[PDB]
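What follows is a short report on a single structure.
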Amino acid sequence: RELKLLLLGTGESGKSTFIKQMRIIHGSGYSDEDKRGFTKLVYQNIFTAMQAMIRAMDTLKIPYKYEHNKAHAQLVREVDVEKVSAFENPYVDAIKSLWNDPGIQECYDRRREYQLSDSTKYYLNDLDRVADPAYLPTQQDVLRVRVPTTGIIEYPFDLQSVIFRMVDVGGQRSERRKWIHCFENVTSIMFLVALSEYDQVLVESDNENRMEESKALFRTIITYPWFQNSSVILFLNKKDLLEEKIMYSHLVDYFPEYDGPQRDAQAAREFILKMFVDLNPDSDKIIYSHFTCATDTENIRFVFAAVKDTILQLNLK
Amino acid sequence: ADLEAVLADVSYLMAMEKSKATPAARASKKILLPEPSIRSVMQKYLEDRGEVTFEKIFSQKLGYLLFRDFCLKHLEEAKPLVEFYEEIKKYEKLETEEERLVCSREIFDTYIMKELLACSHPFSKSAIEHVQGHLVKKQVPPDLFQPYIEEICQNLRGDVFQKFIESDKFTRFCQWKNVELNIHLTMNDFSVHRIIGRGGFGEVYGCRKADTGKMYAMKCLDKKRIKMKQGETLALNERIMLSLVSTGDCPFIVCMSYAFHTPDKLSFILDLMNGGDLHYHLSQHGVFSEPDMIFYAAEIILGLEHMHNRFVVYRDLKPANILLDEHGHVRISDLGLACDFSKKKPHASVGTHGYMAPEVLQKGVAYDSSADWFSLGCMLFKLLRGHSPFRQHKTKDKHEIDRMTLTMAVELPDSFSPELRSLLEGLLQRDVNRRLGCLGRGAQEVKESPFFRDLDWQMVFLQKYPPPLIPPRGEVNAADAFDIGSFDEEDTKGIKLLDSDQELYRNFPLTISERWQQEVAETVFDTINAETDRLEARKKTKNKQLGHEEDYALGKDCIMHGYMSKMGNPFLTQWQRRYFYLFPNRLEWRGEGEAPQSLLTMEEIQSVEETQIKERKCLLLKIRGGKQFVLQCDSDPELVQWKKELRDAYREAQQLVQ
Amino acid sequence: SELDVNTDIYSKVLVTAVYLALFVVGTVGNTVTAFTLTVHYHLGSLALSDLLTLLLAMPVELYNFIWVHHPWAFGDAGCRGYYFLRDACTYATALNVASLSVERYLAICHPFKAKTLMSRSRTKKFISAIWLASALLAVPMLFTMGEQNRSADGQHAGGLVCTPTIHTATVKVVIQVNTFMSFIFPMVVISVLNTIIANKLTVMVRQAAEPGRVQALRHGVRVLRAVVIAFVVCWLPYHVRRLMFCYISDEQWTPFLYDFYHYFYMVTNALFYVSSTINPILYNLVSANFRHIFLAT
Amino acid sequence: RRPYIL
Ligand SMILES: COc1ccccc1C1CCN(c2nc(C3(F)CC3)nc3ccc(N(C)CCO)cc23)CC1
Ligand SMILES: Nc1nc2c(ncn2[C@@H]2O[C@H](COP(=O)(O)OP(=O)(O)O)[C@@H](O)[C@H]2O)c(=O)[nH]1
Ligand code: ALF
Ligand SMILES: [Mg+2]
């Protein structure tokens, strides 16, 4: 009855964000209790970002500008999110002072040297409103919250006239091994790759570029013999991150083969798309690609409007 | 039948059927493995002949079992490799593509796709791409994972094999190998049941090996009768042929496991085909039909192909020589008259009248494996008619049957289909150059004949077809022991066996490694291993509690060490068993274990030579100054290695001191 | 004082005919059995024991015990030696039957054990100990008495009567011990071993359900029971007469009891010899393979 | 009248 889909990609790529967007558009919008729960999630995300960037500053031995905030920094090291609660007054001022500190700002601008959530800037801009006790996060705040998924999570859903069940899976290397069991009757595969992953290395490995791992995984998935009868769609996510990363980072250093002009977001996107589509072994196969940004509802709407039609045309029964 | 015959038959049948579900329980004797200290000698013994390489051990049944169980339990890194290899081997035996499809998909997902997703796959891109290309096209040949087999073997050949060698399970392999190389069979080792056949130089009895319980067929040849009929050459030729064809895996020939001799008998240990010969079953059941004889002809053709590939000509091919196993599959049994034509083509008229080729029956003219095809034709004719194409014994005189050289086969039109008429016309050709199977590739010329057009030879080799006849399970399937009878003992009176005659059989005894290892693996490998492990656990606890460990680091420069019996003292115990250590300059000597002490210095040695004492092999060391020592070892391999190493040690020490 | 027997002439003829008719069979067939033939050694040994029991013992009785009672031919040493031979043969036969039972039981129930415990040399040692060695050890105290002239004829040969001279207490004790050694012990071992083997054979028959094998095992168990039945029916009368010679609470015998006891002696010794004649008949019946060779030889 | 034969 209902067709089975997979959302595949390396960790942090953005699969769960697309699941949230699909639920929001063609499902049930999140309720007040949902946002109340997500408030704590946002709180621990902010705490994790603060701790990670302080640890990065320490490892990189970058001096601080504010001596007083150093005390707060120590307090930051003492905060533990296992026995977590709502944000408290003594922490909001310290976080604001740290974020306003130019030294840690430069450290974050150098974020390529360590792992960090892409939502850090958004929450930092939010500042008091998010940290305000009267926290009423909007759909954007809920979408821009990071919660590492793990294990196979089937998400039943249906279109206006057809039923298409999705499957969200983890992207961490240790967890990918668990996909064996979700390939039983795949009707079409959606693959997510972070356009901005070209600069950051994996989390599980600090020496392998994320884009190389993503390309290897895409090749491995296409090489699967039993997917020959299933369509594949390559969602190029996080274009809004890449349009700034390229402006701030040169794609030549990551992949020198991209000899195109610098600062051209469209050129870099086209180069990445060509590089990924080239990995297919046999040209008779067709690969559909769509630039997108899971954090924007309109882009997901537009992409899905055609993805559903393509899937329906692919499977006539 | 009388009470005694009934009791003998019942005992034989019950011993044959006893504890079928638990073969380990059939053993009345127990294999006693040597102490774990054996590896110090056996390792050098095996190294000196290059037998500790990965291929040599991994190709042995017991070596493979020990290596597998080491990897699966004592080395985490090697566990996935051995599991993958074992499941590939299991897959290779799947007989249908419908099952191979699912098996191959499961193997791929479990051992390839998972690792690729986790990027933990160590295998080369070539094997991955080969398997992917085969599977994407829905092809599932048995050779799918052969590149993976090669790469798994390459990976295991590395540090995994070195760790295995350094482990305590290579010690178990050394113990089992020492037990193997010390096989000295006697008539006591077997429980001989009633006679099942007679002919040639002696009789055939069913028997059960004492220390494993496996049922065998013991073929005994009397030395006195052999001498009386000048059959020593034939007796040795039979052993040569049996050892030549037994080494392999052909399931269409009665393979030989052991060969030994008592002071008066030569004995071969062979597979027990408890179903009985095909002639007895033909008499009971009557003439077979063409679809029934298809099975026997195919199996016998494969057997002859196996024999001919080794250049052995099976001159006596009769229905009587074809033995049905328990399930009804046939095997070729009597290699008494078989000969080798690789060196020179025989010319003797050896066979059975009515089944001998015209060139065999012709005097002086040489012949090759071509003889076996004429005999195959004659045999297949009998299965369908109850007698040879030429008159039978009761129908004509022996030389009247020999007129086969002056006629042509009848080739009946009634009982044979046109395809069978063509087959028999080809097999019974008078001219060798024109006869089927005597030209071109040989066995292929027959296997491709129209009569076998419907038959799939791969399933014949795998023995998937249902036998036409299943022997009764409640009978001996042989003539009464009274009917079989026995040779006249008076005929041997006046025959005496000189020492020069017993010398003809000095090198006769033999044991085939793969056959013994397979027997042990089937029957008593796990039981013995567990008992052995308990024994070493007990002794290790005893030594740890009471001190006096097995060895205190084996010294600093010990060449080799092991138990030996300081021998020959009349005023003390003759067998003064002690523990010895060998060093390039001296040979030390230890008591019950408290403290080693020097017994001898290599610089003193004059010569080292073997000697026989009390009918037991021993080592004799002569010392400068008239002194001497006698040492006796437990296994021939210990004696051989001790002799070699002592000789090399003192020779090198004295040459350097020169 | 009865000097000569009061037995009837009719009995003197009928019992003598019975004795000779049993003698012919137990000589011819027993010698043929010995010629025909590791159990076979035991079968031949028992055949030899029975042949001796008959040939050596029976002829002396006639005209001295059967046809007459007054005169005794052999001297005191002669009578002592005759009783020695009689008792040695009896003990040998009984113990050899027991040895056959145990040997066959070991061979059938646990053949692998029999291969060692019943080695050819070991079997030779056991048979030598039992036959011609074991018998001579138990008889000396049991048959070395006789030549007690009690008949009033005195000097006349008819007056000299042979009889165990031991005192009533000692003689009774030794007869009791003789019966214990020759009857209860081998009867016990034979009965228990034969019962075990019969149980095994009956189990086999129940599981066997072939007609030839069924017939063979049925006849085997039937003969195994008939062996003990024959043993009791032929030996118990002999030992009972021998005991009631001594196990009597008084010295008073009525003349009718005297004649009845003499007739009982005749029939009991006839049965004792019948026991020795039986063995070849059962050997032939129980084995066709042996039957054909026996008839051929 | 005690007998004598055995
Ligand atoms: C306890 O056995 C006695 C005791 C007293 C007298 C005779 C016997 C015989 C009973 C029958 N017999 C045999 N019994 C058995 C049994 F124990 C019941 C299985 N298997 C045999 C097998 C052969 C054989 N022969 C005469 C050999 C001729 O070739 C005799 C027996 C020999 C002893
Ligand atoms: N700015 C931006 N952030 C994104 C986009 N897609 C995903 N993210 C963020 O990336 C974070 C991790 O994505 P996640 O949901 O874990 O994807 P998954 O690893 O496949 O489950 C989330 O907190 C998202 O807010 C995008 O297109 N633009
Ligand atoms: F990398 Al994820 F859920 F954050 F698979
Ligand atoms: Mg997720």
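Following Swiss-Prot, chain A residues are numbered 38-354, in order.
Structure method, as recorded: electron microscopy, 3.1 Å.
The backbone N, Cα and C atoms fix where each Cβ goes, and this holds for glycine too.
What Swiss-Prot lists as region 'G1 motif' is A:41-54.
Here the Cβ of A:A331 (GTP binding site) has 25 other Cβ atoms within 10 Å, regardless of which shown protein chain they belong to. The GTP binding site feature in Swiss-Prot is assigned to A:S50, A:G51, A:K52, A:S53, A:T54, A:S156, A:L180, A:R181, A:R183, A:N274, A:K275, A:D277, A:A331; the stated evidence is similarity to another entry.
Positions annotated as Mg(2+) binding site by Swiss-Prot: A:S53, A:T186. In sequence order, A:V184, A:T186, A:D205 are the residues near A:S53 (Mg(2+) binding site), counting only same-chain partners six or more apart with C-beta under 8 A. Under the DSSP three-state reduction, A:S53 (Mg(2+) binding site) is assigned to helix.
Swiss-Prot lists A:178-186 with the feature region 'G2 motif'.
With a cut-off of 8 Å between Cβ atoms, the residues of this chain six or more beyond the region 'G3 motif' (A:201-210) that come close are 39-50, 52-53, 56, 59, 185-195, 216, 219, 239-242, 250, 345, 348. What Swiss-Prot lists as region 'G3 motif' is A:201-210, and the listing cites sequence analysis.
Under the heading 5-glutamyl histamine, Swiss-Prot lists A:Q209, citing similarity to another entry as support. Note: A:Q209 (5-glutamyl histamine) has non-local neighbours A:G48, A:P185, A:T187, A:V240, A:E241, i.e. same-chain residues 6+ apart with C-beta under 8 A of its own C-beta.
Summarising the annotation, Swiss-Prot assigns deamidated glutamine to A:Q209 and lists experimental evidence as the type of evidence. Following the DSSP three-state reduction, the secondary structure of A:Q209 (5-glutamyl histamine) is coil.
According to Swiss-Prot, the region 'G4 motif' annotation covers A:270-277.
Within the same chain, residues 51, 54-55, 57-58, 61-62, 176-177, 180-181, 272-277, 340 sit at least 6 positions outside the region 'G5 motif' (A:329-334) and bring their C-beta atoms closer than 8 Å to a C-beta of that stretch. As annotated by Swiss-Prot, region 'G5 motif' applies to A:329-334.
Put plainly, the binding-site residues A:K52, A:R183, A:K275 were compared by Cβ crowding within 10 Å, and the winner is A:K52. Checked against ligand 4, the binding-site residues A:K52, A:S53, A:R183, A:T186 give A:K52, A:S53, A:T186 in sequence order as having a Cβ less than 6 Å away from one of its atoms. Neighbour counts of Cβ atoms within 10 Å were taken for the binding-site residues A:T54, A:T186; the minimum is at A:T186.
In the vicinity of ligand 3, defined as a Cβ distance under 6 Å, the following of the binding-site residues A:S53, A:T54, A:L180, A:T186, A:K275, A:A331 are placed: A:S53, A:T186. In the three-state DSSP scheme, A:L180 (GTP binding site) is classed as helix.
Counting only residues at least six positions away in the same chain, the Cβ atoms of A:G208, A:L229, A:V230, A:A231, A:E234, A:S251, A:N274, A:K275 sit under 8 Å from the Cβ of A:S50 (GTP binding site). Take the CB of A:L180 (GTP binding site) and look out to 10 A: across all protein chains shown you find 22 other CB atoms. Under the three-state DSSP scheme, A:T186 (Mg(2+) binding site) falls in the coil class. Residues A:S50, A:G51, A:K52, A:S53, A:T54, A:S156, A:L180, A:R181, A:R183, A:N274, A:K275, A:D277, A:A331 are recorded as binding GTP; their most distant pair of Cα atoms lies 18 Å apart. For ligand 2, the recorded positions lying close by, meaning a CB under 6 A from one of its atoms, are A:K52, A:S53, A:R183, A:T186; the full candidate list was A:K52, A:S53, A:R183, A:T186, A:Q209.
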